[PDB]
Structure formats: structure tokens, C-alpha cells
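Heads up: the structure comes next, in C-alpha cells.
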RNA sequence: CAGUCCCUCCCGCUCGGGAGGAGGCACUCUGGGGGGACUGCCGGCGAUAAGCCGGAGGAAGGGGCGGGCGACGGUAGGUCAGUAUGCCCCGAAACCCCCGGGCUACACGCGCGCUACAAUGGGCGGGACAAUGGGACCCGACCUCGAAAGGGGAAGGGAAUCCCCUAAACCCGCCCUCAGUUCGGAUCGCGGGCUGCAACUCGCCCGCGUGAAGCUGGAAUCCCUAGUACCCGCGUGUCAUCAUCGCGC
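Residue numbers (the entry's author numbering), protein chains in the order written: chain BQ, 6 to 55; chain BZ, 4 to 69; chain BT, 2 to 64; chain BM, 1 to 102; chain BI, 2 to 215; chain BL, 4 to 131; chain BV, 2 to 149; chain BP, 5 to 135.
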């Protein structure tokens, strides 16, 4: 009864792996991170501003 | 159409309440005051040698007070 | 925004003081000489130094 | 006749050129015809994100770009040549895929 | 497509658009001479960066400039007699091919209605539709006052062509009548100094008021 | 002779040889292309070159990319360059320059990127 | 001479008037009541519109070689207004072009390469280039420059 | 014939027949087109020549469209509630059918019933600032 | 059919036209580098300096084009409803789980985008056309059935290899004839399609009778200035669907 139902679709299925929010999860080739968390890991991922 | 053509021969400097009007020295080429040099106000971009057309030869401009 | 930067005006004076005979009025020549004499990696600053030394060498003989 | 198609991919251009030079030197020292490194279309991964951490503020956005570059090396088949591409010192970021084509 | 191919092959002997070479056409008032580009060119379209040139627009052909005015005329702050002018349905904006075809029909209409070189009649309309004096506000001691001011020739061209285009929009809007026939009327009425034409009437309005503000 | 032409995105590749005067755009005759204005633009350099060289050489041009206007302008560039290279004549080049400055130069213009804040309507478009 | 040397409009008109005679090509009983495309707003006006479709579709098989139904739908698609929402580009109907292709396939003019598309038989090429060279003769007479 | 009556309503002869039937509440553009094509006559001809035999042909296509070659999806109310047969309602027939549906929805107390009662939208439209 | 012996197909006026294989690497192209281009020079201006103007030559020229890069403090701006967290508060609750509804509710005020306010026009048919990126329960070509949304099968594809693939703008052969209508579809009811446990609150689309207001809008009013304004569309992020949105082409 204390289990969360199994969802493959919708926001409740997708969660950011770092922060844990249920909101903005960019999935370009499988990142699983929130949109703002993406900035605190930008330069470790190899990304560079141009 | 009793208009008088004339030639821009010198530009004193940009004038007018917004910098659009240009104070030009224009020499009359055809009319009663043939050859008179008068400071006249021009709207629209102007150069040296442009054929202005004038309604009144009597009109002049006050000296710019910088 | 023409103005040649300060450190270019500083570099060129020394460059032409040490090797005055090396430089002439030709821009490509003085540019190659700046390239071989200095260690600039930016092509643009190399050519700017070339232009300023071109003008400098030009003034050397005018007075 | 048989050819080996070697696809090298990396982010830093210098590592890819290093491995290309090593492969070219090895192919020429082994005396094997090698089709030179063909630089394939670099893939540009572009991501846009709003810089505002909250709903308050002017809408400012930032675009970041990965330029992942790739090269193709088609060499002729030679076992002595194929024994000297597993011993090459490969930088970590460089990925190499070596397939065979009739 | 035979009319199309006929108009394709006729200007093989360098004729503006299709026909009516620029040699027979002259200029009457001495002021427009160095600013109207009457050079023989097959198409009135250069895609040129004459805006970047402070005065390089003088090199653009007159018909090209006329289309340049015609294609940007819809939707603005002017409500002449309380109307809102706008190209809601297939706007000419960015559709310079539509403008090309429409002013092509305009040339045809002026041919079949006057029987003369269209460029000559266009010269007539622009020469007769140019205002020659305007009003300017000057303040001294806080004392704003109006002043009669002469106009530059290039602005006279700009305003004349703008009257032509704005008239074409004005009559063509809200009527069964079509754009080309309207442009033909504005041109022919200005070329004969017909005051019913908006171009000549507003040339008269701008010349007046400035006439009295001396 | 092989010649190149670039306008925005369209690219024109032209091959000029001796022949009856058969000029073909992507394999199609120049006289049948439905846009008449594009037909004018394509025909301008060979209008100005002369009937003699028009009939003397054969030019095959393939145009790819851009729009039809870009294709036509790139084709115009290609015919101009092909004619001047085939003849190698200075007077034709100077007439081409006098007609317009791009016939051997071209248009170095390219499109700007769409900046943020309502990027949809263009680069320099913002909200109200 | 070939289709490539002649205009598309005139050639499709010639193929349409010529194929109107052939009995294997016919508009189905549901053709006069169903518009040529989803995106279309009104019904077709002329009653020959079916044969034109055939006259065009075979021409497509003359140019692209293997053709299928979905790509034909995307090509024949067009812009439809969505009321308060903006105009949008939509695909056309599929059954009409599928029936036209089947009728042509029974006509022997086109054939099926399973797993690659519908291609054009040599007989279809002969008929199309015969009409095209007919038109090229006519337009050579009209326009001598086409001799080149 | 400048004035022509068909199925109890008046039409003008100037407009073409497909456009002429458009004045029938119970015939549209596509519907008029396909019925006049079922009739074998171009819908483009002017409605001033509508002869009586063709008029009653159009009438009996309105009466029983399905038996005239028309498919079942071109009617306004296919699979009618009280019969289960696809039919095309004309004039007061449509009006009574929609009245019956309104009363039926109110009777069952569906959401649409109360929306229709209040003159309110049905399909999820938002009332904060529009309307 | 860049030139194209040889081979294949079709046609012709027998000139040749077009297409593939053979084989080549020709132009752009993809990308490893360098040059060119720099107040470089003419003249003037400017103290002869700085630097400016005009000129020519050059593909491109006197901050080459657009950005990344916005220091010191202030606004006690917003963000503890995300991350680290001062402090306080609940502890079968100020905990957790499950579900029905709500977050979409309206006499209404305001902002921003989308469209409708036709003869430029709506409808049939032809044709010149890209491009950013994406695709594995996916791109899905393609065979076949069903109007159709789609179903059965199905090649290729984890990226210059296959698909999304069509761009859109445009012109013409033709039809309609200045009308709240052949504009425009909201608004209803019907019957079908996709998704998901399921969409009436709470998806859209496919076709059917139906057709709102709107037919150019006051004081006043915001912003762009050369590949730019105007204007026109494609794609994709997030994502089964939902955005008329944002992004960027």
C-alpha cells in the first residue's frame, strides 16, 4: 500500500537524478537531469559556451 | 508653376529642431534675382550641386546662434 | 573604433627601435617580419602590428 | 581484395589528429595502401536553456554546443597491419571502430 | 505560355522588363536628372545594399524603387478619411514576385490606354507630383513657430513615389476594382496634373500650408 | 571549362563546351522555366554576351539548394563566369561590371541567426 | 527527346487527354464524391481531375523510379487553414492515389518492386517520351531555340 | 426561372446549382455537389433552368440519399438515435432532432445538458476572459 | 550523360535527348591548415599626433559581420515550492499512501500570441525549390486493405549510407464574379481514428446539415532600421496527446 504506482508516461514517471524535482527533465540522448541542475554540471560534461 | 530652380553650392551645417533640416547656401540660377546666394533650409538629404526649387526669392534664414 | 590599442603602440616602438632597417613601407613584408620576430598567435593582432609599423615606417622618412 | 574501415571519433581535435597520424605512420611503415583520413560531418549537439532559475526576470537563454568530430580511414587488408592498431596508445576521449568490408 | 515566352525573348536586345527601351525616354525638370536611374537593365531588381550607402539609392532604377514603395504599403498610422489600409490577404510583403506581376499588368494597362512609352509617362507623373515646399517647427526662447522650408530633390522623389503607392492602396482597398487598374489611374492622373489624383492633391496640400506659414 | 556559383544557399555548377547553343538548367531548357522573372535573370549574362557566343558554346548547369530565385541568380553567376573563362575577354568582363558589380564578384550576404525573446519572426524581433 | 526537355504543364495535359481514351483508367464510383485531399476545402470542379492525377502520378514514376503511397501523399499535400489557429501543411488522400497506381499497374505502365516502391516499365517510358518528343516537335516549331 | 422552389424553400437562378442548393438549410456545398453528381448533372449550371423532373430527382435524393449511391458518412446524422439507420435530416427535421437531443441531455443530467441549459460552452473552452 | 571507350533502356528530326551500370575523381560539399585583409595607399581634414572624411584598388575594408565574455555597488527585487542552509513548527500529525473533484471553474477588467474581417481573393491541375536537427517499443521507406485518422506484412537505418522528406513563399491552363457570401470557421449533434487504466470537468484529428462576430477600428499607443524591417513557412526541444507557445532553421 506504501508503493507508488508504475508509470512509464507523464511527468510523474520522469524525475531528475540529481535534484529530484518532477519538472524539467531534458532527455537529449539520455541525460535525466533538471534544466537548472544542468548549469551546475555544464563544464564537467564537456560543454563549452560559444 | 512659377518656381525658381537654384543650385546648392555650400552647406553651412545641419539645422532644424531635430537635425533633419539642413541649412544650405544656394545660388539662384533662373529668375529675377539671377545669381543671388542665399542661405535656405532644405528638408531631405542634400549634397553639393543639387537642384533645389524655390517658391520665394525673398526668404532667408536667421544666422544660427550656437 | 579605429584607435590602435595601447600595447600595440608600445610593442611597435620597441620593434622598430631594435630593427629599424628591417622594416619598410610594404605591409605584407613588415607583417611577415612581425610574424617571425614576435610570438603573436592571433593573425589579427599580427596584422594590426603590421599596419601600425607600416604607418610608423612611413613617418620615419617624412620628418 | 578486402578493406578495413576505421571510424575514429572524439571531441578534442588534437587527439583525433594524433591517432590519425599514428595510423598513417603505421600504415606507411607497414607499406600498406591506406585511404587517407576523411573528415566526416562533425555532429553539433545544441542545447538551449533559460538562465532564470525562477519565473521572475527577463527571459534570458543560453545555448551550449558540443562539436563531436569523426574521421574515416579505409585501409587495405593486412594482418601485420591489423596487429598494430590494437597496440596504439589511444587517448580516453577517442573512440575507434574497426570494421571489415569485402 | 506563349505570351510568357514572347516577353522572355523580346528583351533579348536589353529592354527594361520586356519592352520600351530607356533611350526614347527623357527627363524634363532639371532636378531629377542625377537621381533617377534610367540605365538600361533587363530586371528592376538588384538586391543591393543601397540602404547601407548614404546616397547609393540614386543608382537603383526608378521602377525598382517604385516597387520598393509599393510592396511596403499596408498597415500604418495614417487613416486617410478614416480608413485602415492593410494587406490582410496574401500581402505583397516579401512577395516581390506578386508586385512584379502586378506592376507588369500596370505597364500593360498604361500601354493600352495611352499608347506611349510607359517610362515617359512615369517621368511625367513624378515630375508633376513632387511637392516643393513644406513646414518646419523652430523654437527660440521657447517660442515654437512654423517656417516655410524648401525640400531636397531626393525627398521629392521619395514622397512622389510614396504618393503613387499610397494611392494604389487607397483606391484598390475595399473595392471590386483591382490594384493594377488603380495604379494606372494614379499614374495617368498625376501625369496630367489631375487634382483628383491623391498624389497631386497632396502635393498641393504640402505646398500650401507651407505657402501660408511664412 | 567548369565554373562555380554561390548565392545564399543555392549552388550552381556549370560546364561549358563547344556546341550548337544548347543551354540546359538541371537538364531543362532555359526558355520553358515557368517563372518569367527567373528566366530573365538566368538569361541576362547570355543576353549581354552576344548571339555569336550564345550559339557557339554549349553550357550545362546544375543548380541545387535555396529557392528558385537563389537558383536563378546562382545560375546567372555560373553562366557569367563560364562565358568569361571560355572567352577570356576583358571587354566582356568590363561590360559585365558596368551592368552590375556582382557578375564576377557575387553577393557575400548570408542569413543571421534567430536571437531569443520571440525568435520566431526573425533575428531582430522582440515582444511588445 | 524526353519529358525533361518539355514543360510539365503541357506534358501532363497531353498525357491526360491521351489516357482519357484508355479503358483501364477510370474514376471509381466514389471518386466524384470524395475530394482529392484532406487539406482541400471544396470539392474538385472539373470532372477530368481523376485522369490528371493519373497523368501526373505516372510522370512521378518516370522521374523518381520507385514510388510509394505515403510520399505521394506528402507531395500532393497542401496548406489548409485551421480557423483561429494558423494554416498548417497536411497530407492528401491515400486511397485515390492508391487506386490510380493500381489502375496503372493493371495498365502495364507501372510495376511494383516489393520493399522498394513502384517503378516505371519500359513501355511506360516509351509512351511518356513519345508524348514528350511530340510536344518538343511542336514547341520547336513554336520556339526554334528548342532545336538546341 | 429567376425564382425556383425545391423542398419547401426558395433559391435564385443566378447562382450555380451547387451554390443554389446551399440556401437549403439541410444541404451544404459538398452535399449539393455530390447529390447533383449522383443526378448526373454538372452542379455548375445556373439554377434558372431547373426543370421539374430534375427538381423531383433532387427531392427524392434528399428523401433517401443512401439508396442513391451516397455513402453513409456524408449524412449529417449517421446512425440516427431512434432508428439506427443513417439519414440526412432536412429543415424542421434537423431542428426537431437537435431539440430532442437537447431535451434528452437535460433529462439524463449530463454535463452537456447543464451547459446547454445555461447557454454555456461544452467542449472545455475557458471562460476567464473570452466570450 | 563534368569528359565518359565498353554494357543496358527508351525515343527521335537521326541532329541527337534523357536515364543507369562500367570507371573516374572533376564543382559545391564534409573537414585537418594557411593566406588574403591591414587607415594598405592617394588627397584632404585634423598640431604634421591621435584619429577623421572622400577616393581608388581589392570578393570582402577606417571598432569586417553577430555573439560568449557585463567589473564596483545598488534594487533589503525573486527564488528557503530544488538543490547547501540560519531559525521555528507538526510527529500517526503540519507524516505518508489510495482514489472522486480542482488547479480548465465566469456579469467581468487587463497583457501577450493565433486567426477572421477577400477579388491580392476561394477552388482544380502542373511545375523552381531548401534547411536546423532528430529516429530503436523509434524514423519508419515500401507492398496491400480501408475515404480517412489507420490496420496486416515489410526493407534499411544507433547518423554525409535508411527514414522523418513534404518545405513554404511563387507563376500559370481554367472556374467563380464584390457578396457577412462560394470569405471565415467559432458555436452544436452525428459517425469513425490514435494514445493511454481511463479524456464529459479532461486531448486532438477525420467527414457530414450548420454558420457567430468580424466587412478596416477614437484619444492614445509599443518596437526594427540591410539579409535587416516587412512577410512566409519547415523542424525540433519538453513530448502518446496537449503549445495558437518557447526555441532555432
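We put the CB at the ideal spot given by N, CA and C, even for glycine.
Could you give the distance in angstroms between the alpha-carbon of residue i and the alpha-carbon of residue j?
| i | j | result |
| --- | --- | --- |
| residue 4 of chain BT | residue 52 of chain BT | 12 Å |
| residue 70 of chain BI | residue 100 of chain BI | 10 Å |
| residue 17 of chain BL | residue 6 of chain BL | 5 Å |
| residue 58 of chain BV | residue 115 of chain BL | 39 Å |
| residue 48 of chain BP | residue 89 of chain BV | 30 Å |
| residue 90 of chain BL | residue 103 of chain BI | 39 Å |
| residue 18 of chain BT | residue 58 of chain BT | 11 Å |
| residue 1 of chain BV | residue 55 of chain BV | Since the first residue of chain BV shown is 2 and the last is 149, residue 1 of chain BV is not available in this structure. |
| residue 19 of chain BQ | residue 35 of chain BQ | 12 Å |
| residue 49 of chain BT | residue 48 of chain BQ | 34 Å |
| residue 22 of chain BQ | residue 32 of chain BV | 56 Å |
| residue 175 of chain BI | residue 203 of chain BI | 21 Å |
| residue 27 of chain BI | residue 33 of chain BI | 11 Å |
| residue 83 of chain BM | residue 30 of chain BM | 11 Å |
| residue 90 of chain BI | residue 82 of chain BI | 22 Å |
| residue 95 of chain BL | residue 59 of chain BL | 16 Å |
| residue 26 of chain BZ | residue 64 of chain BT | 41 Å |
Strictly by DSSP, which residues pair up with residue i?
| i | result |
| --- | --- |
| residue 61 of chain BM | BM:50 |
| residue 7 of chain BL | BL:16 |
| residue 55 of chain BZ | BZ:9 |
| residue 134 of chain BI | BI:151 |
| residue 79 of chain BV | BV:91 |
For residue i, does the count of other Cβ atoms within 10 angstroms reach 16, so buried, or fall short, so exposed?
| i | result |
| --- | --- |
| residue 40 of chain BM | exposed |
| residue 82 of chain BV | exposed |
| residue 34 of chain BT | buried |
| residue 51 of chain BV | buried |
| residue 91 of chain BP | buried |
| residue 71 of chain BP | exposed |
| residue 60 of chain BT | exposed |
| residue 13 of chain BM | exposed |
| residue 128 of chain BI | buried |
Could you please give the first and the last residue of the uninterrupted alpha helix (DSSP H) stretch that includes residue i?
| i | result |
| --- | --- |
| residue 80 of chain BM | 79–82 |
| residue 29 of chain BT | 28–38 |
| residue 117 of chain BP | 115–121 |
| residue 104 of chain BV | 96–107 |
| residue 57 of chain BV | 50–65 |
| residue 125 of chain BV | 123–143 |
For the beta strand (DSSP E) containing residue i, name the first residue and the last one.
| i | result |
| --- | --- |
| residue 152 of chain BI | 144–152 |
| residue 16 of chain BZ | 7–17 |
| residue 195 of chain BI | Element bounds for residue 195 of chain BI: n/a, residue is neither H nor E. |
| residue 14 of chain BP | 13–16 |
| residue 44 of chain BL | Here residue 44 of chain BL belongs to no beta strand (DSSP E); instead the alpha helix (DSSP H) covers 39–52. |
Give a yes or no on whether the C-beta atoms belonging to residue i and residue j are separated by under 7 Å.
| i | j | result |
| --- | --- | --- |
| residue 32 of chain BZ | residue 48 of chain BZ | no |
| residue 27 of chain BM | residue 75 of chain BM | yes |
| residue 25 of chain BP | residue 36 of chain BP | yes |
| residue 138 of chain BI | residue 20 of chain BZ | yes |
| residue 122 of chain BI | residue 192 of chain BI | yes |
| residue 216 of chain BI | residue 45 of chain BZ | As shown, chain BI starts at 2 and ends at 215. That puts residue 216 of chain BI outside it, with no answer to give. |
| residue 67 of chain BI | residue 162 of chain BI | yes |
| residue 4 of chain BL | residue 88 of chain BL | yes |
| residue 132 of chain BL | residue 130 of chain BL | Residue numbering for chain BL in the displayed model covers 4 to 131; residue 132 of chain BL lies beyond these limits and cannot be assessed. |
| residue 61 of chain BI | residue 51 of chain BI | yes |
| residue 92 of chain BV | residue 75 of chain BV | yes |
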